[PDB]
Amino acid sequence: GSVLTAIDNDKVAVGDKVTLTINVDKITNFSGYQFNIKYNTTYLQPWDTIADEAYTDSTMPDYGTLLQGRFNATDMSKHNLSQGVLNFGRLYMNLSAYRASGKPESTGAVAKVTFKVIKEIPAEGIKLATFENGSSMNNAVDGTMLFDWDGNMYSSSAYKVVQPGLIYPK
């Protein structure tokens, strides 16, 4: 399987918002994730679209469609925005209830992160973000940890992380 992303709009002007939607695909019996994501603080400012305010170091990103079942999901968000690092995750704690649902998740959106563009993007573009080890995430795969509903952690041989694409100036 894979972790992979989509960018809503490739071309941005200063003040525009651009959203990275983060998906998993073919992650068998998916029960939770943790991500460490780096972005360039010169150009981008993570933005809370519900509050309409910049993230602080505790702000949880927007949800996707997965991890929304009633199986006692728990969120973690503990960034270092000064260093352009987002670190967050979400998981089902009640795995027994999840297993009993007969509705294993494996593909779909898990989170979205919107950024406000704060400086003109160079003509050659910039990577919107990168998944990269950091944190205290042991055995991470390119800055990601994925779990299944038996509490197994997936290895680098089970999935790949497809790095986000570029954004460009209008």
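The first residue of the shown sequence is 1; numbering continues from there.
The PDB entry records a higher mean C-alpha B factor for 155-163 than for its counterpart among 155-163 and 17-25.
Sorting the modelled residues of the chain by their CA temperature factor places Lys78 in the middle third. In the deposited entry, the Cα temperature factor of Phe71 places it in the highest third of its chain's modelled residues.
Split the chain's modelled residues into thirds by C-alpha temperature factor. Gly102 is in the highest one.
Ranked by Cα temperature factor within the chain, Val117 sits in the middle third according to the deposited record. Annotation for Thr130: C-alpha temperature factor in the middle third relative to the rest of the modelled chain, per the entry.
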